[PDB]
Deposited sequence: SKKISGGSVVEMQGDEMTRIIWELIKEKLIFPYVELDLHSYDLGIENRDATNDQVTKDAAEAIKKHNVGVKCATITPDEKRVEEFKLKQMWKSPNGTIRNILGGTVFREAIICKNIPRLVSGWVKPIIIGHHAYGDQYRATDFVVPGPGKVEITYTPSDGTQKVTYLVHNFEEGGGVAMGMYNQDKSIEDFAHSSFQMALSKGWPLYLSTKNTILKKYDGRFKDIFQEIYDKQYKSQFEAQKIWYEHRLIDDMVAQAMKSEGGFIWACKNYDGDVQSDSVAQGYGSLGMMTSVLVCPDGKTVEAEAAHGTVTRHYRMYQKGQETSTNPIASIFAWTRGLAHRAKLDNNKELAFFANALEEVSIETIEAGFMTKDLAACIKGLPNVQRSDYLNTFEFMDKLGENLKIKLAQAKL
């Protein structure tokens, strides 16, 4: 019999990632793992047909069952509205899910030794996690003020942002709740423990002494109170850094740390965004949603619609599953599932490291103008190779 993987929430998506998603389930997951699968179709046509109710249900299912794996979906714009004759310009599914669940998005690369990187010294992953606008034009002279009116009726506070004495300009207001900062802290500490690396927070608290100082203070208070003992047990630490110092140190590091950032296209140089997953980590320590860091790869899908050959990287999508299942295994103390998830990840890394890869990675190594057809495998060929290697890997582990 297969591995009993338990309860997993699955979200089907759009275009090229939809094709790859089904191949991942068919060739890599279903042949080895049985799931109590809570499956939701977040394809654009179904979201339209259900008036986006399917997206809300999916979010609630993740809250209920703790483990979510999601395929990339189309975020509608005016162009998509015309393409699919949509009823409305539906909100980003990711945005709707994030609002219901809360949490912090962490991005982790899939490390392959033969794939060029920004700093050659980076041998371990650098897992980065990021935390309303209210801006307006100032047409002419006048005061911009920002006020705080306590809910308890005590005297309101008025700060002068700027008195425009001559000419116009622009002004802006921003905020951050302590609760959100607390969630951000908890998620970051939990992430550092689960992966087994040190955590760093970066802020500009020298300039924004009160705004960014709150982030520094809250992280320290929660660290010293709730996480310091557990960190020291694994030979791990937490320290605050200034953003300028943090980047300079990271560029001369070996990697292998969590970077909580207070504020994507840089990371695409590492092969592509096909080598980056995006995991939402909720502050409860229980709930996770995993997906690829890239979109639906529309350009590749158009070629697929015409019957032309495609070479789309399934790694990020594959690692959405493995990091989803790894969390599932951790929650249920499921040693068999834990091993399988690891095995699939290693198989994927090994296959690329042995010279079998999709065009994006071949282009990163050799340069796009220099890439020939013999340097890479198409989408189907690469999936077949992974499946063959997966079978061989699992047979070896049975000894």
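Comparing the deposited sequence with the modelled residues, the stretches lacking C-alpha coordinates are 1, 133-138, 271-277.
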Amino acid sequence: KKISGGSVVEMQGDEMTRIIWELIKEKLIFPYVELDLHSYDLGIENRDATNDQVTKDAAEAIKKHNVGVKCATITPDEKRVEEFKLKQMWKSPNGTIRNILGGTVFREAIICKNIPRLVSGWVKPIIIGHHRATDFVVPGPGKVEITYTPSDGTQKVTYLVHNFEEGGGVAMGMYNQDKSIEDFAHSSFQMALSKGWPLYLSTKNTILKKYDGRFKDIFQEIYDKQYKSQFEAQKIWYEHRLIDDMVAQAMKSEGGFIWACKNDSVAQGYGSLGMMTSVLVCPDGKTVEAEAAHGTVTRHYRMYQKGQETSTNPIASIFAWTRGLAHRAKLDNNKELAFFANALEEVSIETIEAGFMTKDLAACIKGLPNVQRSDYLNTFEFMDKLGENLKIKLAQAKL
From here on, numbers count along this sequence of modelled residues.
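Each form is matched to the other, and the largest set of C-alpha atoms that superpose within 1.5 Å is called the rigid core.
Looking at 78-86 and 117-125, the one farther from the shown form in 5 other deposited structures of this protein by average CA distance, after a rigid core fit, turns out to be 117-125. Fitting each structure in 5 other deposited structures of this protein onto the rigid core and averaging C-alpha distances over structures and residues, 202-210 emerges as the more displaced of 316-324 and 202-210. For the pair 322-330 and 189-197, the mean B factor over Cα atoms is greater in 189-197.
Looking at 233-241 and 288-296 together, the entry lists the larger mean B-factor for 233-241, computed on C-alpha atoms. When the C-alpha B factors of 159, 227, 106, 301 are read from the deposited coordinates, the top value falls at 227.
Of the candidates 317, 253, 149, 312, the deposited coordinates give 253 the top C-alpha B factor. Per the deposited record, the Cα B-factor of residue 365 falls in the highest third when ranked against the other modelled residues of its chain. Sort the modelled residues of the chain by CA B factor and residue 73 lands in the lowest third. Ranked by C-alpha B-factor against the other modelled residues of its chain, residue 8 falls in the lowest third. Ranked by Cα temperature factor within the chain, residue 83 sits in the middle third according to the deposited record.
In the deposited entry, the Cα temperature factor of residue 208 places it in the highest third of its chain's modelled residues.
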